[PDB]
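Below: the structure, in structure tokens.
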Amino acid sequence: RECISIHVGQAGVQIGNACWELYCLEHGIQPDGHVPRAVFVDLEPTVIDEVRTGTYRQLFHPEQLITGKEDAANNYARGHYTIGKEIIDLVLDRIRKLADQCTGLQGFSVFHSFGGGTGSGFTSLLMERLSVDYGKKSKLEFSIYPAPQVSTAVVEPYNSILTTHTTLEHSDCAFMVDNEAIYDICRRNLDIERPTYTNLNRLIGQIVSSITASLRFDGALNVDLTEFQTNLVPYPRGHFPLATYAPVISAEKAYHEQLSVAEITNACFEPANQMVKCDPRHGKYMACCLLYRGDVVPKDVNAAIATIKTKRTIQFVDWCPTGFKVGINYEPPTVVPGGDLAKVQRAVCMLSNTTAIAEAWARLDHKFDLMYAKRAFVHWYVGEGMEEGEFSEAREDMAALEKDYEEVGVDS
Amino acid sequence: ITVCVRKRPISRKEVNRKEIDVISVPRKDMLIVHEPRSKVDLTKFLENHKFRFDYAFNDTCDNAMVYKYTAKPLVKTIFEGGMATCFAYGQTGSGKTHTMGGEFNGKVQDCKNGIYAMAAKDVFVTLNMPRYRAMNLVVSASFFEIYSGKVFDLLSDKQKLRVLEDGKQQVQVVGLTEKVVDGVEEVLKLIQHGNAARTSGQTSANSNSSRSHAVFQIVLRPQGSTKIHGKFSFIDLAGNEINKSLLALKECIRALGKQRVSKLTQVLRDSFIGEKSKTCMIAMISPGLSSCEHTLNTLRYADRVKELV
Amino acid sequence: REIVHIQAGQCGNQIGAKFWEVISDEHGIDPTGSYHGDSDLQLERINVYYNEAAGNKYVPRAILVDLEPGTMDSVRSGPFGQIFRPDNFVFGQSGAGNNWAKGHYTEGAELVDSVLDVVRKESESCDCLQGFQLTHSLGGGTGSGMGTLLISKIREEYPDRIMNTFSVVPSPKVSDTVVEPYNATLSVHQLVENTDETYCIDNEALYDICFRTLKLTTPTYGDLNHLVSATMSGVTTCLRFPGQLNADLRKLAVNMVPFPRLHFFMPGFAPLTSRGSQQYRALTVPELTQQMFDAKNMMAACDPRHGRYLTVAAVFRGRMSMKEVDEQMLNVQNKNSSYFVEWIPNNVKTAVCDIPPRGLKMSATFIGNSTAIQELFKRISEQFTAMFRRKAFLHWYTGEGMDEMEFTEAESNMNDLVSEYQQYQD
């Protein structure tokens, strides 16, 4: 029934504090109410401390807040092997101590930031140690994969080609939200050149609320977590769909809010609104899980979608007749009291697997080579319990992820 | 240019592991790789690939047999006044050290058993023959290794050597020590000495290691000549800086047919440039299924080299 | 992050005084004083060049290598000269002969160990090391020879940390020495194979740029040096400041070197206007790119207009629009598609700090990797042969324990280096 969550890496923790905020906010549980149902991991104390100093301070147990005073290191190796190792046990312990206390759970919603040290590496083995300790569950990892041109870390790819290959054979469904492609939404669909990280977080903090929160919440067309991976992954590769939200209108500027279904659903497939720089440049969808929430008439959907199924310029895979999982919830969304999110009475958090990422992975793989081609910051990992193996052998890994996402599509 | 491939038999460790033998050599010049593969649905199938070489040696073949087909035909070349090179190429544990240096799963043992020794044996015998005797040649040997762009004299306690190049672009390794040999026994002593001194990591539980490039050379000198009468360089390559050298090596050998520098190619350069120069490449293959990726890499590399033929 | 400057030879040393003269003020560090910094930002990143001991004494973490006392004893007996901890002075009272061979094999080779010693004391200082800055001239002993050794050793000790090299390649028109191409060809050789970022400056490319781009009529050395030091501040130190889009030695390295040679660049400063009058303020931005990308204004001798570019790095440092920056760069890339090489869709590497050069409103360091610098190593290489052929002043080298094959080596090497660079101009 439940779904634990492990927010790993400063980012996964910032986003965590955010997604965790939106929660109580739409459940009437102020600062000090019940008890969360997740954990927080980081090898840099000062960040988890922000959850220990700032807002939502006492809504957590100093037990579900793991820290390694030591060093973060923007390098996979160190975070996965060398350092990150020391903490893992302890980490697990909570996701085994928190996993027990419950009643027939469904899985762990993992929150990490692909291209980091504590986020890429660590998790790599966290999800790793999970796939074995609970192979019998769902492993949906919600990632924030590398901005297409606006990356931060100098190594980023090293850290992301490595978190992909190690987690690939362990996740159930990996959700993806592109940090940059979300900015566009903040520039083009909300207008603000002042987007603090605290915003992107409010956003995913939204799209995510549509996943677990409301879905695990009764409705006219419930959709379990398992449901996802089933209706969402055509193949064992921990396939990565993309998150998209519909009413991303500004709560100040424009106001047409009352945008009946027929509209908000069409607003999902236009590439300028998908929290991912993977513009459907060719990527044929192969399965979409349209999660609606608020006042929505099933016919409105079983029509708004029909209209789409016949737009053709939206070309769905061949081997897939119908790939539209319609998830209907009741309670409308719940916008921050005064952030910058419109606040409509219905939304569409549609996520999907698109042959599109054939790109995004490509463009991120290429990156890697360029540097590896010169070993660039390699000495930083080797000296951290890794080898020419793990790199070269994780490169070959993704290679067959560029062929995979190619074969499962583009062909009939 | 001659290119051959030699498959080593599965070792006891692999056998105990129950590793599957992926390679077959049905003919003298045909090598087949039974690549295991799975479709997306994970259907199992075999993609059998075929490779042809001047000579393909089975797991049964001894070093003497291998030597007969590869290096042996080169010895005359040096007496002819040419420059010959024989390279052992392949993945780690493929058998390169065993073949060149002597029989050992550790790659280190009986010098007499290996190509360096066998080649030397033939050198003394030929020198003695009537056509050659008039030559009044002296035989010298050297052994050195190349590690991370550095050259070390195995004959002179790993002494680091400096390599210079003239405008003329001829290269010289200054300080390299040449030792006079007048008997195979002599050469065996030098091989033993050099091999002991060879580079590596900590004492591994088993086997040697190929962090470096090993090069044992046999030189013939009257009083210079073409800077010596003839020279044979036997090279024990590192498991396939290393990449650059291998890429460099390929281009130099192919250049040999017609006529991104590395240390190895720099030192060896005189051996590629001359008109009267021959080379042989022996590709070593480990038969285990686990090594299939490595083998195809080795084989493809080999194909391009022979292509120059 | 961090770095440890290296003042090899007199020149490299003389310049040290100017590079530190500047940098300090660009970090509010008085002679022995502390941080008087007009602001509070010129301190959160200083570490890159200093060390904490007293609490008002942040000492420059550089090395002063030289076989001629008088020199360092002029730098240590003048202005900021009393800020370097004496431990930094690695002198060689020997005869600092003007021979590359005398400061690389015979005389310098001794003083080396007593240097590496310190270069380790400074490296193992604290936090994480990035790389080392190296100043010197390729036309003398303590410069090309001994300094070119200092690196060959450094690059064996930390083939991880970077190595920027600021070389004063032998100016054309007139050579301030005679064997020049000897001391030079021999040092470039060592460079193309150890440091991985070299910024070549020409005493006469400066004069020009200093006598016509600064109506300056009496350009003393101090000046030239001063101008140079202005660029090396924009490079390093600068990027160790915040920015909408900041980079750091590596970015600079990992965006500027397509092929491992190491390649040499040619630095160019932005606002280079004469004092009073000229103070036109035409610095909106198109004015800076106007500047930086012209022929004259390239501290190098050669002219870009004489050969494509492989990479370019406009490291700006002053509040500007990531739009009027990112934009300009483009037109520039299209008005001159001719020379800018094609197999690199976006040669330019736009970098953008925030805080500008203390007293200025907007500046932008230029680090160009153009194929034009082919026409310089050519020069050098020529001078060699024309004199090598007759072994001119060769006895001063050999007689110092050298080799007739050593000179051959270098020329060729550095000579081939010319070759390659053309492989892209085409």
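First to last, the protein sequences are chains A, K and B.
Residue numbering for the first sequence is 2 to 34, 61 to 439, as defined by the entry's author numbering.
Residue numbering for the second sequence is 279 to 518, 537 to 555, 562 to 611, as defined by the entry's author numbering.
Residue numbering for the third sequence is 2 to 44, 47 to 360, 369 to 437, as defined by the entry's author numbering.
Here a beta-carbon is modelled for each residue, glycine too, at the ideal position from N, C-alpha and C.
Interface with chain B (8 Å Cβ-Cβ cutoff): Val9 (chain A) is excluded. Here the C-alpha atom of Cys364 (chain K) lies approximately 32 Å from the C-alpha atom of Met425 (chain B).
With respect to the 8 Å criterion, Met203 (chain A) and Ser237 (chain A) are not classified as neighbours on the basis of their beta carbons.
A residue is called buried when at least 16 other Cβ atoms come within 10 angstroms of its Cβ; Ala585 (chain K) meets this threshold and is buried.
Contacts with chain K at 8 Å (Cβ-Cβ) do not include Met413 (chain B). Linking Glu155 (chain A) to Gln480 (chain K) through their CA atoms gives a straight-line distance of about 31 Å.
Boundaries for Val353 (chain A): no alpha helix (DSSP H) harbours it, while the beta strand (DSSP E) harbouring it runs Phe351 to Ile355, taken from the DSSP string. Note on the region 320–358 of chain K: whole beta strand (DSSP E) runs with a minimum of 3 residues are 322–330 and 333–335, in chain order. Contact note: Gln447 (chain K) reaches chain B through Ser423, using a C-beta cutoff of 7 Å and chain order. Going by beta carbons, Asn186 (chain B) and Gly134 (chain B) fall outside the 8 Å limit. For the region 383–394 of chain B, the set of positions with a beta-carbon nearer than 9 Å to some beta-carbon of chain K is empty. Taking C-beta atoms as the reference points, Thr455 (chain K) and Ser420 (chain K) count as a pair closer than 8 Å. If you ignore the 5 residues before and after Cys20 (chain A), its C-beta comes within less than 6 Å of the C-beta of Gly232 and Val235, all in its own chain and listed in chain order.
Segment contact: the region 326–345 of chain K against the region 281–297 of chain K, three or more CB-CB distances shorter than 8 Å; contact assigned. Annotated three-state conformation of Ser77 (chain B) is helix, per DSSP. For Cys12 (chain B), no beta strand (DSSP E) run applies; the uninterrupted alpha helix (DSSP H) run containing it begins and ends at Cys12 to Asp26, by DSSP. Chain order gives the chain K residues near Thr419 (chain B) as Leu442, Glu443, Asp444, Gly445 and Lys446, where near means a beta carbon separation below 8 Å. Not one beta carbon of chain B lies nearer than 8 Å to the beta carbon of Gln568 (chain K). Excluding residues up to 5 positions away in sequence, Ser35 lie with their Cβ nearer than 8 Å to the Cβ of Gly58 (chain B) in the same chain. Within the same chain, and ignoring the five residues on either side of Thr234 (chain B) in sequence, the residues whose Cβ sits closer than 6 Å to its Cβ are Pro270, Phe272 and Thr376. Chain-order list of chain K residues neighbouring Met166 (chain B): empty, with the shortest C-beta distance near 16 Å, by a criterion of under 7 Å.
Annotated three-state conformation of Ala187 (chain B) is helix, per DSSP. Chain K has no Cβ within less than 8 Å of the Cβ of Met398 (chain B). Note on geometry: alpha-carbon atoms of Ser392 (chain B) and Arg308 (chain B) lie some 22 Å from one another. Contact annotation, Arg2 (chain B) with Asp251 (chain B): C-beta distance approximately 7 Å; criterion of less than 8 Å satisfied. For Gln450 (chain K), at least one C-beta of chain B is nearer than 8 Å to its own C-beta. Think of a sphere of 8 Å around the beta carbon of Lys254 (chain B): the chain A residues whose beta carbon falls inside it are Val181, in chain order.
Using a CB distance cut-off of 8 Å, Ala374 (chain A) does not count as an interface residue toward chain B. Straight through space, the alpha carbons of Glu71 (chain B) and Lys124 (chain B) are spaced by roughly 23 Å. For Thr138 (chain B), the enclosing beta strand (DSSP E) covers residues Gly134 to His139. Looking from the CA of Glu423 (chain K), the closest CA among K:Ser588, K:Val441, K:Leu466 and K:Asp319 belongs to K:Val441.
Look at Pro307 (chain B) here: in three-state DSSP terms it is helix. With a contact defined as Cβ atoms closer than 8 Å, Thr361 (chain A) and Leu23 (chain A) qualify at about 7 Å.
For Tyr312 (chain B), the uninterrupted beta strand (DSSP E) segment begins and ends at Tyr312 to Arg320. The beta carbon of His229 (chain B) lies closer than 8 Å to those of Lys19, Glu22 and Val23 in the same chain, with the five residues before and after it left out. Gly265 (chain A) places its beta carbon 8 Å or farther from that of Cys305 (chain A).
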